[PDB]
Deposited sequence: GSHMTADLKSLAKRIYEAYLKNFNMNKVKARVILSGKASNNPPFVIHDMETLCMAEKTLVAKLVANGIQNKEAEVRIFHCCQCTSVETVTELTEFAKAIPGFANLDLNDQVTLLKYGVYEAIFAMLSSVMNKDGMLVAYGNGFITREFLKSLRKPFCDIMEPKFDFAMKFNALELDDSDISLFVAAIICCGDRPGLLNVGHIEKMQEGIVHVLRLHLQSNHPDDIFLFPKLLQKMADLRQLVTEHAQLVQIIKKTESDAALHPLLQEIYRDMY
């Protein structure tokens, strides 16, 4: 029954997220964006509407694309959350709170799947932007990217697959210590259930690493810190860059988070 639960989560993940580790890897083994010329060419083909004006600064244009991917992932994560035992039975306000505080942690966790030490896939697997090009961007835009790569490199070293990641993301969403929850007790039990499944699955899927579970619990805490830091950086950008507008949805997610 618990082995069945793990599969249900895995199937929901495969059905709700446009990208997964297997697909990402097939592609990585795509138009390359390594400089301004290639960035511009990529934009004209992939996000034509965004460069038809005559346009925002390259850094802001990239920042907008990053935001748009987040908005899309929020929709994917919301639909995914339904296959998690008990989630749909939670109060509507609790579901919203869980999604609000968990989306960015899940985003950076899953972002690792399309990242390697040299760069990352973008625009639904149709592009590959170099890590070095992202580092080249002027401050503070170049500071948004690198920390995510740093986390990704160590996360990817854990060699998790989609069956593991699906449960990890589920566990991230099922967090009882999120601010403003109405029914903390039911959420903690829901959490305990998912974490229990995650533990048994890692034991079965990774007999070679007896520290995998504790390692992942730590990544959960690392993600929370990574997000707090990301939120601060986004705030700095929002105030000091008069041309970088924040998407309304993300603005709502960011509100009173940290």
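- Mapping the modelled residues onto the deposited sequence reveals missing stretches at 1-6, 36-42, 68-69.
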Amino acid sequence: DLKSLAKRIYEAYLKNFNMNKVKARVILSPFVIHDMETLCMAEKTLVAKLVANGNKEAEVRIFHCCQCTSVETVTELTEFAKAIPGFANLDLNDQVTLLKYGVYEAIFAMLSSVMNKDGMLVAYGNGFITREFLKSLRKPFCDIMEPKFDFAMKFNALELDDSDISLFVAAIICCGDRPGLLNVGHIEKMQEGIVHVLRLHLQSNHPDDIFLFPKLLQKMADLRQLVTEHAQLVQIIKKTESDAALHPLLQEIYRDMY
From here on, numbers count along this sequence of modelled residues.
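Between two forms, the rigid core is defined as the largest C-alpha subset superposing within 1.5 Å.
- Relative to the shown model and aligned on the rigid core, the C-alphas in 9 other deposited structures of this protein deviate most, among 115-123 and 80-88, for 80-88.
- After superposition on the rigid core, the larger root-mean-square Cα deviation in 9 other deposited structures of this protein belongs to 39-47, not to the other of 210-218 and 39-47.
- Looking at the other PDB entries for this protein, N53 is absent from the model in a third or more of those that include the residues around it.
- Judged by mean Cα B factor in the deposited record, 89-97 ranks above the other of 102-110 and 89-97.
- Higher mean CA B-factor, judged across 236-244 and 14-22 from the recorded values: 236-244.
- Within the listed group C175, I144, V71, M115, the record reports its top CA B-factor for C175.
- Of the candidates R199, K49, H206, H230, the PDB record gives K49 the highest C-alpha temperature factor.
- In the PDB entry, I84 places in the highest third of its chain by CA B-factor.
- Remark: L77 belongs to the middle third of its chain, ranked by C-alpha B-factor as recorded.
- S136 sits in the middle third of its chain by CA B factor, as recorded in the PDB entry.
- Among all modelled residues in its chain, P214 ranks in the lowest third by Cα B-factor.
- Annotation for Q67: CA B-factor lies in the middle third of the chain's modelled residues.
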